[PDB]
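Inspection log for the structure reproduced underneath, given as structure tokens.
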Amino acid sequence: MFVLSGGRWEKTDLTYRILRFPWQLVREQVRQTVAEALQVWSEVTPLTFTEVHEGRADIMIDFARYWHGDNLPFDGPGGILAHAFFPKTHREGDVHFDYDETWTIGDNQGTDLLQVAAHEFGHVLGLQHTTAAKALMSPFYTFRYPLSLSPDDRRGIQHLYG
Ligand SMILES: NC(=O)[C@H](Cc1c[nH]c2ccccc12)NC(=O)[C@H](CCCc1ccccc1)CP(=O)(O)[C@@H](Cc1ccccc1)NC(=O)OCc1ccccc1
Ligand SMILES: [Ca+2]
Ligand SMILES: [Zn+2]
Ligand SMILES: [Zn+2]
């Protein structure tokens, strides 16, 4: 598909690249998680996601600590867990996870990668925060399973996309 957007015919098939991985998780698990977090959005939008292993993609994902050259320094364990921003000098969506967190998957004790990632991909796609507590786009993280769009989340997507 081609979808008319912003007055222009844009492409819906997109690429993303994982630049570095968190140390507490094995690569394959981080890969499946990132894909699964992107899929919660692709299910309710005209977008598709493909993983690339070189060059620049539409979505660049990285795990960094503190200062990593973007004026959004991370703050070590806790606090901010990640963020996503649009660099002016590159046509891409940048998402960085704070390497200092105890990254986990499916464990209510650690910091869930599936949730933080789904949240960041939400930004990349245009959504902003909401006050709904159990919303994927809430400003605050609380372990919540399964990963699912709340009504406020579907409305948000329906507002930005058809
Ligand atoms: N652990 C959290 O919940 C925190 C918020 C928080 C709670 N206690 C704190 C003590 C000190 C500092 C921050 C916090 N959220 C995050 O880390 C957020 C990402 C994960 C949330 C998520 C995951 C799963 C389900 C639901 C929610 C960070 P962010 O929201 O993506 C990011 C947005 C942003 C992107 C690009 C540019 C600016 C801002 N925020 C953030 O606040 O970044 C820096 C900043 C700090 C204060 C004001 C403006 C900007
Ligand atoms: Ca942190
Ligand atoms: Zn960063
Ligand atoms: Zn956020």
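FYI, residue positions are counted from 1 along the chain as it appears here.
Technique stated in the header: X-ray crystallography, 2.6 Å.
Every residue gets a Cβ built from N, Cα and C, even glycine.
According to Swiss-Prot, the protein carries these features:
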type	residues	note
ACT_SITE	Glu120	active site
BINDING	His68, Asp70, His83, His96	Zn(2+) 1 binding site
BINDING	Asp75, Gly76, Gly78, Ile80	Ca(2+) binding site
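Annotated features, which come from Swiss-Prot, shown on the structure.
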{"residue": "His68", "record": "Zn(2+) 1 binding site", "Cβ neighbours (10 Å)": "15"}
{"residue": "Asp70", "record": "Zn(2+) 1 binding site", "Cβ neighbours (10 Å)": "13"}
{"residue": "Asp75", "record": "Ca(2+) binding site", "Cβ neighbours (10 Å)": "12"}
{"residue": "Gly76", "record": "Ca(2+) binding site", "Cβ neighbours (10 Å)": "13"}
{"residue": "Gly78", "record": "Ca(2+) binding site", "Cβ neighbours (10 Å)": "11"}
{"residue": "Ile80", "record": "Ca(2+) binding site", "Cβ neighbours (10 Å)": "15"}
{"residue": "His83", "record": "Zn(2+) 1 binding site", "Cβ neighbours (10 Å)": "17"}
{"residue": "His96", "record": "Zn(2+) 1 binding site", "Cβ neighbours (10 Å)": "23"}
{"residue": "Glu120", "record": "active site", "Cβ neighbours (10 Å)": "24"}
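Proximity of the binding-site residues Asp70, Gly76, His96 to ligand 3, judged by a Cβ distance under 6 angstroms to any of its atoms, singles out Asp70, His96 in sequence order. Distance from the CA of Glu120 (active site) to the CA of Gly76 (Ca(2+) binding site) is 18 Å. Compute the center of the Cβ atoms of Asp75, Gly76, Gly78, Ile80, which mark the site for Ca(2+); besides them, the chain residues with Cβ within 8 Å of that center are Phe74, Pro77, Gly79, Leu81, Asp98, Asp100, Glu101. A straight line from the CA of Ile80 (Ca(2+) binding site) to the CA of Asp70 (Zn(2+) 1 binding site) spans 15 Å.
Under the three-state DSSP scheme, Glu120 (active site) falls in the helix class. Ligand 2 lies under 6 Å from the Cβ of none of the binding-site residues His68, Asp70, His83, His96.
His96 (Zn(2+) 1 binding site) falls within a strand when secondary structure is assigned with DSSP. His96 (Zn(2+) 1 binding site) is 15 Å away from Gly78 (Ca(2+) binding site) when you measure Cα to Cα.
Other than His68, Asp70, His83, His96, the residues of this chain whose Cβ falls within 8 Å of the Cβ centroid of the Zn(2+) 1 site are, in sequence order, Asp62, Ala64, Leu72, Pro73, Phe74, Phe85, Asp94. Close contacts with ligand 1, defined as a Cβ under 6 Å from any of its atoms, occur at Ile80, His83 among the binding-site residues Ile80, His83, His96.
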